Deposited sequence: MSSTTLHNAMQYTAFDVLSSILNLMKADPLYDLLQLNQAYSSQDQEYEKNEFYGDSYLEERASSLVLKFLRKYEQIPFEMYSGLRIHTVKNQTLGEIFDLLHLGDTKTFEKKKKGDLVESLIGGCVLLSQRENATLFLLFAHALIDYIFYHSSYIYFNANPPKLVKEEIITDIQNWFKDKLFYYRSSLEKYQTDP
């Protein structure tokens, strides 16, 4: 009732915030990530390297969020930790996020999302592209919210399902507020 109506509202706000961030990224000359470092790499190699890195970066951040929300409830067994992480980084989950954000086949969608995450993070380290790091953080947060909401509806933990859904929804609502306010401050510059 309250959670399923909020979940629908969350998907709209996530789309709006992520679309707004990404629309300003496409104004940046650095946006074509595959054509950088041309004296040292190629388009195909950049795509594999960014996907290589994005894979591990997503994996680490997803692991951190699983711990963040599940360790509070001792009723939850360790199977759900690995279960949730697997559910969060699998290509089907990433492809759903691909579709929700209208980024553009099963396997390609996940690879593209991973390459985008990794490319954005690496760009923010090698250039000034703090907007690109903001997008990667918000994209992973939306990936975790999307995954965990689905996962805990299919695999409700003992007694605390609605409370941990509320924790994740409250957390993600605050992140969306933070990402929105960061975007306006960066764009009101």
Got a list of the deposited-sequence ranges with no coordinates?
105-109, 195
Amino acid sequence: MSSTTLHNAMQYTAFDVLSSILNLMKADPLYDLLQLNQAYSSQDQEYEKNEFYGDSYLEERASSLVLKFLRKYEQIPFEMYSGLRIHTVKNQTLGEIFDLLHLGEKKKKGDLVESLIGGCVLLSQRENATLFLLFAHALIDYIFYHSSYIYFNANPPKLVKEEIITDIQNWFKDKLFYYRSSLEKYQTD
From here on, numbers count along this sequence of modelled residues.
Which of 86-94 and 107-115 has higher mean CA B factor, as the PDB entry lists it
107-115
Quick note on 49-57 and 125-133: per-entry mean CA temperature factor is higher in 125-133
Among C120, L36, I143, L70, where is the Cα temperature factor highest, going by the PDB entry?
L36
Per the entry, which of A27, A138, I150, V66 tops the list for Cα B factor?
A27
Of the three thirds of its chain by CA temperature factor, lowest, middle or highest, which one includes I164?
middle
